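Taking the form deposited in one PDB entry, here's one chain by itself in structure tokens.
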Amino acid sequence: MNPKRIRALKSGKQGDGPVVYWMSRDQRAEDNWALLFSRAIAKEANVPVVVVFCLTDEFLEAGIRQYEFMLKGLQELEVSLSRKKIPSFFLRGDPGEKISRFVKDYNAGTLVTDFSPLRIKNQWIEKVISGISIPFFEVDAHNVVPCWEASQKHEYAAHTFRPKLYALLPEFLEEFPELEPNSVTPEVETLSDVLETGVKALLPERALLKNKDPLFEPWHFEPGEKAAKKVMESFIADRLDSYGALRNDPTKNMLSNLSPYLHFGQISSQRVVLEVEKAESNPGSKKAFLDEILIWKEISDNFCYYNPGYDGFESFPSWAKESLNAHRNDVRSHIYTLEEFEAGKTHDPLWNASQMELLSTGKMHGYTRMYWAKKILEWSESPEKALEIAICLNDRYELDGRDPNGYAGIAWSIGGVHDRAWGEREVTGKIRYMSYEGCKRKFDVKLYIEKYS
């Protein structure tokens, strides 16, 4: 176990009670460095490990599609941890109040959590630190190379982050040790009841069409650790060979469809990389897929960790901020409100089709996501308004939303983060432009539009 994966958030006097793993981002029992590190510290102090998950007050800012996908995975996860004799405790409320109360009530010895560079997780960490006196650690269980180890600063391009990450792959890309069970079982409600009351609170804001029928289709992605491994296995056996050639075709289901599991932490990216690396397939397709799950996925964490305003106009590159400012007063071709963007009521059928796929499946195709966000910038009153509209629609309806990938993806599409300057245009400036005619020359746009009416 590499000690570079764990960081100390607060020193203190160790108690003699169970080591608490405050699971937030990596919701799985297998291939979890944070859970393995908690078990090892628990073994060293002769004390069992315990698992605590907080059901926060911010679930109403999202939809039923993410609430059910997350909770249905936790229901499977509770069974899996119980078989290895680790108990799980699900608290409802503020992590700053619930974690501090749980630590004091249960005489917790050491507190451990997983790593997340999002602002809301840092808000919880500040509150928890102020109310505990035991040691507090955090472990990077989401990235193959720890976020603080891959780079010590913000990387302005993938070609500058790629050699750094690949040089540390031989050290950090390793097999996971088996999660040992607790020696004996140690000494706040049923998740089914919490899911029932939560869904009832989210029903009035459900995404419906004119016929009052729900718009979301929940049969596209089954949640759970077991389902994530089946989707991963299918991708390697059926879709990895053709990934490098058809990853930009939204009319083909050639993507891995691993993002909803990767976002909630139901499957480890390191596990996916290990299986992909030992598979035999198209080397161009393997290189393309590893470039997406290693470089671009972990550079998103690098973006949010080293840019406090990762969701603001200030984090854009200087060339993009100057270009967008020089085109602020340019007359936009069209101006759509948030409701018009949300309902897919724009003049562009391709954009509307992309929005319908987001509304119905909860997972828009990777290529159309770039077109979807770049057209928001073209049809907004300001780049700051486009950032708000893109982030709102992304986090509300994407099953993988509220993720560092989305904010880094949105920053690339609108602010040119991790991109270069292109030909200068009106309104958009030097930001990379994607036209409707360009998409038609790339794939069958008519089929994609007809699929999502």
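Residues that one form lacks are left out of the comparison. Counting begins at 1, following the sequence as shown. Note that the rigid core is defined as the largest set of C-alphas that superpose within 1.5 Å between two forms.
The following text describes the form deposited in another entry, which does not appear among the structures shown.
- Once the two forms are fitted on their rigid core, between the shown form and the other one the CA displacement reaches 2 Å or more only for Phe59 among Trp412, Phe69, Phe53, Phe59.
- Annotation: Cα of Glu205 displaced by at least 2 Å between the shown form and the other one, core superposition.
- After superposition on the rigid core, displacement of the C-alpha of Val194 between the shown form and the other one amounts to 2 Å or more.
- Compared with the form shown here, the C-alpha atoms of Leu60 and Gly409 sit at least 3 Å closer together in the other form.
- The gap between the Cα atoms of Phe341 and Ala207 is larger in the other form, by no less than 3 Å, than in this form.
- Residues present in both forms were compared between the shown form and the other one after fitting on the core; consecutive runs of three or more with every C-alpha moved by 2 angstroms or more are 59-61, 188-214.
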